[PDB]
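Within every chain, numbering begins at 1; the chains are lettered A, B, ... in the order of the sequence lines, protein sequences first and strands thereafter.
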Amino acid sequence: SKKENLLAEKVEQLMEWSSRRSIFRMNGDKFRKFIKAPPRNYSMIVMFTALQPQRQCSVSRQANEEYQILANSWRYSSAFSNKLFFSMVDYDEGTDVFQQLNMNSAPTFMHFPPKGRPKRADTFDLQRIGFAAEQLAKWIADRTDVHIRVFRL
Amino acid sequence: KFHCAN
């Protein structure tokens with residue numbers, strides 16, 4: 001299918017991005033192309049953040065540290081595949097995405113499934129659980145059936 | 001409006 005072929009090409013672009021980055025930094029155009037637009041056969045994990053120094057968002061800073069550990073653990077995993085990717089959207093680069101999602105703070109972790117829209121449990125319950133990488137990994141396994149076993153140096 | 005702790 002034309003669509004199947006274009007999907008395959010899209011996935012190859014994400015795999016090329018993976019050779020240079022563990023986490024894809026997105027603006028609104030990239031978010032829409034790779035996360036909102038069909039076709040997809042992969043899950044996307046997104047950290048919505050605000051890391052600019054002038055904002056001094058302490059929680060975003062700590063959560064990014066744990067997200068980095070998680071995405072590194074994925075990169076080195078025997079589980080690594082083209083069926084799951086990690087992204088981030090910073091408020092100051094993707095303000096339009098935050099507006100579309102009705103978000104006026106950070107951070108938030110979401111899973112965007114390949115088919116359909118996020119379900120209730122596709123927003124990580126940060127305010128209950130905290131954001132240890134191991135807890136993010138447990139949530140990802142619950143939502144995607146991908147098991148990332150976190151490594152720490 | 002956007003807000004974050006510290």
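Taking the six-membered ring for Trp and the full ring otherwise, A/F34 and A/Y42 have centroids separated by 6.0 Å or more.
Residues A/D92 and A/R55 have side chains in contact (heavy-atom distance under 4.5 Å, counting atoms from C-beta outward). No side-chain heavy atom of A/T108 sits under 4.5 Å from any side-chain heavy atom of A/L126.
Formation of a donor-acceptor pair under 3.5 Å by the A/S105 side chain with backbone atoms of B/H3 is found in this model. Distance alone, capped at 3.5 Å, is enough to place a donor-acceptor pair between the A/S73 side chain and the A/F151 backbone.
The shortest heavy-atom contact between A/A50 and A/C57 is O-CB, 3.4 Å. Nearest approach of A/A133 to A/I69, heavy atoms of both residues: CB-CG2, 3.9 Å.
To the nearest 0.5 Å, atom CH2 of residue A/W139 and atom CZ of residue A/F109 are 8.0 Å apart. Taking CG of A/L70 as the reference point, atom CE of A/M47 lies at 10.0 Å (rounded to 0.5 Å). Atoms CZ and CZ, on A/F85 and A/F112 in that order, are 15.5 Å from each other to the nearest 0.5 Å. In this structure, CE in A/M88 is found 10.5 Å from OG in A/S22, a value given to the nearest 0.5 Å. Expressed to the nearest 0.5 Å, how far CD1 of A/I148 lies from CZ of A/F86 amounts to 3.5 Å.
Evaluation of the side-chain hydrogen bond (donor to acceptor under 3.5 Å, both in side chains) test over residues 59-70 of chain A, restricted to residues two or more places apart or in two chains, returns A/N64-A/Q68, A/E66-A/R152.
Ion pair A/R32/A/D96 flagged as a salt bridge, since at least one NZ, NE, NH1 or NH2 atom sits closer than 4.0 Å to an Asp/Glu carboxylate oxygen.
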Result block: side-chain N/O donor-acceptor pairs under 3.5 angstrom for residues 114-122 of chain A, not counting sequence neighbours:
{"residue": "A/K115", "atom": "NZ", "partner": "A/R40", "partner atom": "O", "Å": "2.7"}
{"residue": "A/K119", "atom": "NZ", "partner": "A/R117", "partner atom": "O", "Å": "2.8"}
{"residue": "A/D122", "atom": "OD1", "partner": "A/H111", "partner atom": "ND1", "Å": "2.8"}
{"residue": "A/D122", "atom": "OD1", "partner": "A/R143", "partner atom": "NE", "Å": "2.8"}
{"residue": "A/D122", "atom": "OD1", "partner": "A/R143", "partner atom": "NH2", "Å": "3.4"}
{"residue": "A/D122", "atom": "OD2", "partner": "A/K119", "partner atom": "N", "Å": "2.8"}

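Heavy-atom contacts from other residues, nucleotides or ligands closer than 6.0 Å to CZ of A/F80 number more than 12. For A/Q13, the CD atom sits in a packed shell: over 12 heavy atoms of surrounding residues, nucleotides or ligands are nearer than 6.0 Å. At most 12 non-hydrogen atoms from other residues, nucleotides or ligands lie less than 6.0 angstrom from CD of A/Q99. By the neighbour-count criterion of 12 heavy atoms within 6.0 Å, atom NZ of A/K10 is densely surrounded, having more than that number from other residues, nucleotides or ligands. Summarising the local packing, NZ of A/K33 is surrounded by more than 12 heavy atoms from other residues, nucleotides or ligands at distances under 6.0 Å.
The salt bridge (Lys or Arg N to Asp or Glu O under 4.0 Å) test applied to A/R25 returns A/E93, not counting sequence neighbours.
By the 30° and 60° cut-offs, the orientation of the rings of A/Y91 relative to B/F2 is parallel.
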